[PDB]
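**Student:** One structure coming up, written as structure tokens, with questions to follow.
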Amino acid sequence: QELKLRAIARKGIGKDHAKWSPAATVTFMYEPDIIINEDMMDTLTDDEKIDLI
Amino acid sequence: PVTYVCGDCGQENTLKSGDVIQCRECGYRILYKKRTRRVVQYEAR
Amino acid sequence: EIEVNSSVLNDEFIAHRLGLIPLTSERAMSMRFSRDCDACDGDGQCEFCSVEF
Amino acid sequence: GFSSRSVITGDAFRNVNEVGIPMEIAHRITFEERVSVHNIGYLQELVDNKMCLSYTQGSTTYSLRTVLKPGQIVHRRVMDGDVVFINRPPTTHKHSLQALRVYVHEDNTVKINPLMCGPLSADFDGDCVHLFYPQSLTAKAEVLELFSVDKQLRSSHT
Amino acid sequence: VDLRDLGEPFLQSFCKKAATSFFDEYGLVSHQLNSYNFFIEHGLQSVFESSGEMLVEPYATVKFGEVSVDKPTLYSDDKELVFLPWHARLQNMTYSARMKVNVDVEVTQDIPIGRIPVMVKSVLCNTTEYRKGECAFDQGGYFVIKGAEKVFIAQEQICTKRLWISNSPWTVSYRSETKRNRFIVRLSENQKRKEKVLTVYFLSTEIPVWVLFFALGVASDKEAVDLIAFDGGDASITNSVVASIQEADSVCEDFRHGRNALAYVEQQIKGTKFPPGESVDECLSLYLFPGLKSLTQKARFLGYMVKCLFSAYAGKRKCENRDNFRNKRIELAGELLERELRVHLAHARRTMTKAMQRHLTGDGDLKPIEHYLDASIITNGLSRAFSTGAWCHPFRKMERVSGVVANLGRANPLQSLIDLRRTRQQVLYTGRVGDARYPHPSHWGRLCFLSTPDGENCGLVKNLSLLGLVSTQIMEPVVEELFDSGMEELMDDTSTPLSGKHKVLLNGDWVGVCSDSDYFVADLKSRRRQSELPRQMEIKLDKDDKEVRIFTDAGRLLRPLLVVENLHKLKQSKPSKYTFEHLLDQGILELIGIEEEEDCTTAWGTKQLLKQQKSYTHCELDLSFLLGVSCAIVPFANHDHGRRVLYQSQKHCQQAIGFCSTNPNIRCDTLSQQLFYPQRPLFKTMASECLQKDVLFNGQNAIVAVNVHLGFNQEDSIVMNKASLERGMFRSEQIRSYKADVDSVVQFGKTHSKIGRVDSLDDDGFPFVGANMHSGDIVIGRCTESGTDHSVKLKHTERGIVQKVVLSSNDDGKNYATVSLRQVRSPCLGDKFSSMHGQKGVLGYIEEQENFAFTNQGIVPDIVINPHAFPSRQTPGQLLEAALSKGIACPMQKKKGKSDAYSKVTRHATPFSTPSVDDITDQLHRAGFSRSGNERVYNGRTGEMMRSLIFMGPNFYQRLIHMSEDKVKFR
Amino acid sequence: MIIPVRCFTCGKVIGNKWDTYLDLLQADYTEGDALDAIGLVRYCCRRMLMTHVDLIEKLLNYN
Amino acid sequence: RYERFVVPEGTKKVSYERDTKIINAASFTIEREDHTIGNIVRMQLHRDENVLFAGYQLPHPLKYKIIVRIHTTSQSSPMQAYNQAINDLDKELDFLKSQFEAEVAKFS
DNA sequence: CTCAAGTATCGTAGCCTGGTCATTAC
DNA sequence: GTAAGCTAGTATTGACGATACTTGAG
RNA sequence: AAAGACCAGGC
Ligand SMILES: [Mg+2]
Ligand SMILES: [Zn+2]
Ligand SMILES: [Zn+2]
Ligand SMILES: [Zn+2]
């Protein structure tokens, strides 16, 4: 068996076909702000803290 | 040069008339048209 | 452009596989699209618009 | 005059009385017009842009696939703003004959507004509709006057 | 021995190994091949000898000897070429074998008598021994008739090895093979207000039963009512017997005196239409109860029949209903081919005698026997019945049924698999049946109660279960080995009473009695579990009727079960992967029929039902083997509504696009479709682990979100991803074949012009390989000589690239040509899709990747469906599959940090033993996801965090064969 | 037939990872550990390798 | 045939249209753009102080075209607010590029 | 010397569009 | 000429409306 | 040509 061919490679963008996209995955995420009220954290026994975590 | 092959052995017959459809070296009755040499263009899409 | 294919795969399978192989593209910001190039007809190797494989 | 069968899909961003027609359907169906005054230049523009499919002056049907004098029949292709009427094949659909205004697209389906599913009792799981194309001018008047959506807005069963 | 110490996971592993051994040993088409093999090995000779000898008299007698069949060959040259089924497919030939019989005529040579079609992979097929001509996906079981593949649908008939009690005139009936063997006892009024009396309809002659009692040899009325054995009381029974006595005395004058009743039945039989060529004594020894020896035994059997009728009368016995499958036999290829061959064998003999009778009157001048017998009668009749579908009626003569032979479908390998495993109840007017369209509880384990058509054939066509087997006829005698277990003879005195003893019946024939019945049955069953009784022998103990029934005939539905009391013999063995024969030979497994299973307590598959309480005699291998092959592989299939499971397992899996074949270069089908990259599912049911096949599933694993998308997925529409489609998801190849023929005037040629459009044609009239043919071109050029041609043109939507051109010829001088065209399709905006739970829909929008809403790793969906589809269709299993699959493709984050992080992963979802939702949600929690199955996503067009959480996960989706560009029409 | 060049959903190159995955399976790894050692992190990329059916070997015999 | 992506026809790239019912109000119609340009121009116009309305809209989600509507006060005009938003976006992008090149040269 | 009636039959019982095949020589 | 060898000869899944016949008795 | 026979999609 045999394969024999000639190809022409050009320039394009990913909006045209996904073969021209340079990104396998680009993403972002929001940065979070976490507050824990320690005056209500003392009210919990530690097995309930493990149950929360 | 349109030539045919035998689907059982592989002997390359050359039919140009319409007598019968049969091989010589086997006797079986199935033949394929051979792919000659030419370039076909495709998009890679 | 396929000259000989004796494999058990068909030509659109092979062309779609070839379309998705990543090439080294640092020239892509400096070359032009093939709709804009007047220095050629496509159909071969030509700088600013085409590479032959 | 002509009829057409196609799979339906939805489109919520066009108007309620609008129907989207595939280009393969649209460029092979014709509408007939009688050329006369107030439309010599407007039809001449069309025949110059090769948008009229066929012609008949008198009776001998000469093809165009010629300048215009007043009094013959031009057969042009379906374009935006024409009127067709729609019907799902009336197995139970006894009163579903609706008149709609045409826009053309490139896909393979017929697009309708999602508010028109319950007047047709159709859904988008493989249903096909038949579109019919009125050729005579009195038929166009009857279709536009009895079966439009604003005419048929208040139901006659309830 | 307790079974607790064996443990539950050991027993589950043994159940999986045992089912794997079943599928290795039997396969899925053994019920077709075994029946055809029995017909070739035994039933052919039985036809040709049961037909009998004959003598033409205007004397010359002929006798048929033994019958031989040889392998299918070709006589193209005077060489003998091997004939394979793919030759028969491509040359439009029928794949058949020659039958020879050696006759003996006296007023002796071997004569060819016909060609019989050969079932692929049977004992006559030349492919039984990566051979040239075979597909890897293929099993046998079909026929190649005139180049087309056909299958038999199994036909259901009533069981005629038992008595049938009606109630319309209160009848009880005995049937047999011969139409002169029918025997009816009726309880009715042949007339004020007559008492109901007993009548016999034998040989189309109404006889009182008391006359037949004294004709068979009974001496007294007291011993005749001993032969009936009333069980006392029941004044209606005493009234009917004294009315039948004093009505017997009102017809013959003193029938009790010597040979008066026998002379009466002489003059009553002989006066009928078409009387039999016999005296009455030979009439009784021939046509009355064949299989019994003495007239004493026939009187005893008549008394038992009358007892059965009187017991049904008083309400102690039930009437037979024909929906209970213990009253039914199933007819496959041998039973149908025997019936078809008897007709054309009689038609051959009939036109043999009236051709010989001229030349015999005309002196000897007798020819060789090959002249007087035409062989094309049988050959043409069998092939006509295969190619038209009209078989013979089971009992009506000169009639023809129609739902017998079907076409074999090759859309995927699963459609071919389920086309070979069907069963049919044919009815007269479709639309007024009884409970024929419904599941009966005697279908359990042998026919699927979930999958069936929904058109006119709803419920009338059934599918075999996975572990279901059709029995075959036992050729060794079995009646003489029944005495070794405690059975005694049936004596000949008609004076001795037999109270307390149970009657034994072998295929309906009374052959003996037994005193202890709870030792006879338990010893026969123990001798069957040690391989000195046949494995397909059904033993049923009947406490209310005081009876032991034994069946050894063909057509019964069997299934394997574990034998609990022999189940301790695994511990001491070695857990090397078993053969099925070794597990049968040690009594761990048994084959059990429908009637024997009524005496069985079977634990529900679950070993936890078996080992928590031992009041059981058997146990199932798995509960999901109660379903057919396309229904047992469905995940969470007992979590969906039944109409949806019917949609998936009967309709949508036959229309999916997946695997097609592994040798497409010799397949000239009309349409062939195939995915570019077929995948298997992520989940693992028990049936898929046991069969080890990948071609049961045809589709892709698409990531599905449940969300609204700008109103584009309403009314069961879906939205797909553009970039997932461009990378090759759901990309399909399609090959269509265009065929034409000529005689060997019209011929193949270039047509010398451009009347259509001729660009790619060569001189032979066919294009070149790799040409790009367009709609309006000429694909096959049949130039009629000197013009006026009839070529074949592509229609208004038929495109493609030429893949191959095949030229074939026939044996009777006819040429064929086939041209194949290749197309490649990605989904367009009206293509049809469905999940594995019956949620079909159309593609309504193709969205760009960067417009989709995304997760914190960048995963976007491939398919978006609407949340209004779930509260209304009742398919919750689709949410449970997607939550299970997401748990088994994610990495385990190793909060423990041990070695075996992927050891306790749940991936089965087997029907009737699904995992609970706490296991699925704990698996999602160990992978770092919320238990509810949803996750936060960012909006793709604006970037904002969306307020609602979205359900996402992988579902196995299927691309169906209904495509938008094939539905466009214009008049 | 053969393994696809890129993952369908994200577009990561996976087409040079099949024989490595078979070699790791042959040395008695679980499927999760054979995908962990090979660099695949998103479950979209892992289901491309867990669910691939390798039909090219059967096509090579039957011609 | 896959050529009608970013090239417009003989139309202008941007076409201005000053509406008649409300004063200091206009609608700029931009060819061959989508959510990318329209969303940042909209959220930059809201940062301005003489802008009372800013909003963008695709006329149809399958068209590559947007319409941007601005209503200003009398201290400015729609065209000034449009151009001020675009110039501010260029200067922000230049600042971002200098910061990113510094960080990339720092990491090595 | 005719109504009713107790059978005695007749005949339709889902229906419509699609695509397909395979159609006795005597 | 096929009538569907003769083929049974009632001896096995349909079941109602709709029309047509051989009684007694005013 | 015309009918049979099958299958599919709806109602
Ligand atoms: Mg629908
Ligand atoms: Zn040969
Ligand atoms: Zn150039
Ligand atoms: Zn991925």
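Simple scheme: letters A, B, ... for chains in structure tokens order, numbers from 1 for residues in each chain, numbers from 1 for ligands in the order shown.
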Enumerate as a PDB file with C-alpha atoms, in the first residue's frame the residues belonging to chain E that approach chain I to within 9 Å, with only C-alpha atoms (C1' of nucleotides) taken into account.

**Tutor:**
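The resulting file, part13.pdb, is reproduced below:
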```pdb
ATOM      1  CA  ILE E 158     -50.311 -24.274  19.881  1.00  0.00           C
ATOM      2  CA  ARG E 182     -58.705 -36.008  15.625  1.00  0.00           C
ATOM      3  CA  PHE E 183     -60.777 -37.105  18.615  1.00  0.00           C
ATOM      4  CA  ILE E 184     -63.392 -34.937  20.340  1.00  0.00           C
ATOM      5  CA  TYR E 201     -66.636 -36.967  17.035  1.00  0.00           C
ATOM      6  CA  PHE E 202     -64.306 -39.575  15.546  1.00  0.00           C
ATOM      7  CA  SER E 204     -66.491 -37.351  11.132  1.00  0.00           C
ATOM      8  CA  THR E 272     -69.757 -41.215   5.891  1.00  0.00           C
ATOM      9  CA  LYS E 273     -68.382 -39.039   3.120  1.00  0.00           C
ATOM     10  CA  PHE E 274     -65.095 -40.586   1.906  1.00  0.00           C
ATOM     11  CA  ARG E 322     -53.635 -19.740  24.357  1.00  0.00           C
ATOM     12  CA  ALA E 346     -45.981 -34.242  -3.623  1.00  0.00           C
ATOM     13  CA  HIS E 347     -46.248 -31.974  -6.679  1.00  0.00           C
ATOM     14  CA  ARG E 350     -47.968 -36.291  -8.953  1.00  0.00           C
ATOM     15  CA  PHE E 395     -52.896 -26.667   8.909  1.00  0.00           C
ATOM     16  CA  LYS E 397     -54.204 -26.946   2.857  1.00  0.00           C
ATOM     17  CA  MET E 398     -53.758 -24.888  -0.231  1.00  0.00           C
ATOM     18  CA  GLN E 426     -49.999 -14.378  13.334  1.00  0.00           C
ATOM     19  CA  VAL E 427     -53.664 -13.430  13.644  1.00  0.00           C
ATOM     20  CA  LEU E 428     -56.577 -13.179  11.183  1.00  0.00           C
ATOM     21  CA  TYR E 429     -57.875  -9.654  11.251  1.00  0.00           C
ATOM     22  CA  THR E 430     -55.265  -7.483  12.872  1.00  0.00           C
ATOM     23  CA  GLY E 431     -57.108  -5.178  15.229  1.00  0.00           C
ATOM     24  CA  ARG E 432     -59.397  -7.585  17.094  1.00  0.00           C
ATOM     25  CA  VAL E 433     -57.275  -9.925  19.217  1.00  0.00           C
ATOM     26  CA  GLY E 434     -57.527 -10.906  22.866  1.00  0.00           C
ATOM     27  CA  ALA E 436     -52.222 -11.429  22.469  1.00  0.00           C
TER      28      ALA E 436
END
```

**Student:** Going by DSSP on the backbone, which bits of chain B are strand (DSSP E)? Write them as a ChimeraX atom specification, please.

**Tutor:** /B:4-6,12-13,30-33

**Student:** Identify every residue of chain E that has at least one atom within 7 Å of any atom of chain D, counting only C-alpha atoms, and report the result as number ranges by chain.

**Tutor:** E: 711-712, 715-717, 829-830, 840-842, 844, 964-965, 967-971

**Student:** So what do you get for CA of residue 196 (chain E) versus CA of residue 234 (chain E), distance-wise?

**Tutor:**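 Computing it gives 14.1 Å between the two atoms.
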
**Student:** At a cut-off of 7 Å and counting only C-alpha atoms (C1' of nucleotides) and all ligand atoms, what residues surround ligand 4? Please answer as a PyMOL selection string.

**Tutor:** chain F and resi 7-12+42+44-45

**Student:** Could those residues be written to a file, using C-alpha atoms, as a compact mmCIF listing (two decimals), in the first residue's frame?

**Tutor:**
```
# COMPACT_ATOMS: atom_id res chain seq x y z
CA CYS F 7 -10.12 16.42 21.70
CA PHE F 8 -13.58 17.28 20.40
CA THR F 9 -14.55 19.80 23.09
CA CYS F 10 -11.37 21.73 23.91
CA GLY F 11 -8.91 21.01 21.10
CA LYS F 12 -5.92 19.60 22.96
CA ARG F 42 -10.06 17.75 32.01
CA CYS F 44 -13.43 15.96 28.25
CA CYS F 45 -9.90 14.91 27.29
```

**Student:** Could you give me, as a PyMOL selection string, every polymer residue with an atom at most 12 Å away from an atom of ligand 3, counting only C-alpha atoms (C1' of nucleotides) and all ligand atoms?

**Tutor:** (chain A and resi 8+10-11) or (chain C and resi 31-51)

**Student:** I'd like the contact shell of residue 50 (chain F) - 12 Å cut-off, only C-alpha atoms (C1' of nucleotides), skipping same-chain residues fewer than 6 positions apart - returned as a PyMOL selection string.

**Tutor:** (chain E and resi 679-683+701+885+888-890) or (chain F and resi 3+17-18+21-22+25+30-35+40+43-44)

**Student:** Name each residue within 6 Å of ligand 2, counting only C-alpha atoms (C1' of nucleotides) and all ligand atoms, as a count of residues only.

**Tutor:** 8

**Student:** Using only C-alpha atoms (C1' of nucleotides) and all ligand atoms, which residues of chain J come within 12 Å of ligand 1, and what is the closest atom pair for each, with the distance in Å to one decimal? Give it as JSON lines, sorted by chain and residue number.

**Tutor:**
```
{"residue": "J:9", "atom": "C1'", "partner": "ligand 1", "partner_atom_place_in_ligand_line": "1 (Mg)", "distance": 10.1}
{"residue": "J:10", "atom": "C1'", "partner": "ligand 1", "partner_atom_place_in_ligand_line": "1 (Mg)", "distance": 7.9}
{"residue": "J:11", "atom": "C1'", "partner": "ligand 1", "partner_atom_place_in_ligand_line": "1 (Mg)", "distance": 10.7}
```

**Student:** Which polymer residues have any atom within 12 Å of an atom of region 87-89 of chain G, counting only C-alpha atoms (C1' of nucleotides), with same-chain residues fewer than 4 positions away left out, as number ranges by chain?

**Tutor:** G: 37, 39-45, 47-48, 80-83, 93-96

**Student:** Name the residues in contact with residue 29 (chain B) at a cut-off of 8 Å, using only C-alpha atoms (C1' of nucleotides), excluding same-chain residues fewer than 2 positions from it; report them as an MDAnalysis selection string.

**Tutor:** (chainID B and resid 21:23 27 31) or (chainID E and resid 91 808:810)

**Student:** Go ahead and save the residues from that selection, with N, CA, C and O atoms, as a tab-separated table (two decimals), in the first residue's frame.

**Tutor:**
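Dumped everything to result_16.tsv:
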```
chain	number	residue	atom	x	y	z
B	21	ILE	N	-18.44	-11.34	-18.73
B	21	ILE	CA	-17.72	-10.82	-17.59
B	21	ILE	C	-17.18	-12.03	-16.84
B	21	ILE	O	-17.92	-12.69	-16.10
B	22	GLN	N	-15.90	-12.33	-17.05
B	22	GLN	CA	-15.30	-13.54	-16.53
B	22	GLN	C	-13.79	-13.39	-16.56
B	22	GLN	O	-13.23	-12.76	-17.45
B	23	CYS	N	-13.13	-13.97	-15.56
B	23	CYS	CA	-11.69	-14.08	-15.55
B	23	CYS	C	-11.16	-15.19	-16.46
B	23	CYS	O	-11.91	-16.07	-16.91
B	27	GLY	N	-11.87	-18.33	-13.73
B	27	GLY	CA	-13.19	-18.72	-14.15
B	27	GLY	C	-14.31	-18.03	-13.40
B	27	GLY	O	-15.47	-18.13	-13.82
B	31	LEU	N	-15.25	-8.74	-11.44
B	31	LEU	CA	-14.11	-7.90	-11.80
B	31	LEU	C	-14.31	-6.48	-11.28
B	31	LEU	O	-15.42	-5.95	-11.25
E	91	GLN	N	-23.06	-11.63	-7.68
E	91	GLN	CA	-23.52	-12.09	-8.99
E	91	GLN	C	-25.02	-12.18	-9.10
E	91	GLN	O	-25.51	-12.66	-10.12
E	808	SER	N	-20.19	-7.80	-12.87
E	808	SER	CA	-20.49	-9.18	-12.52
E	808	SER	C	-21.30	-9.82	-13.63
E	808	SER	O	-21.92	-9.13	-14.43
E	809	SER	N	-21.29	-11.14	-13.67
E	809	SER	CA	-22.15	-11.86	-14.59
E	809	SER	C	-22.79	-13.03	-13.86
E	809	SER	O	-22.45	-13.34	-12.72
E	810	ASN	N	-23.71	-13.68	-14.54
E	810	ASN	CA	-24.57	-14.69	-13.96
E	810	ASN	C	-24.20	-16.04	-14.55
E	810	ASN	O	-23.23	-16.17	-15.31
```

**Student:** Just to confirm, what's the straight-line distance from CA of residue 100 (chain D) to CA of residue 112 (chain D) in Å (one decimal)?

**Tutor:**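 Distance between the two atoms: 9.5 Å.
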
**Student:** Quote the spacing between CA of residue 53 (chain F) and CA of residue 3 (chain C) in Å to one decimal place.

**Tutor:**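 Separating CA of residue 53 (chain F) from CA of residue 3 (chain C) is a distance of 29.4 Å.
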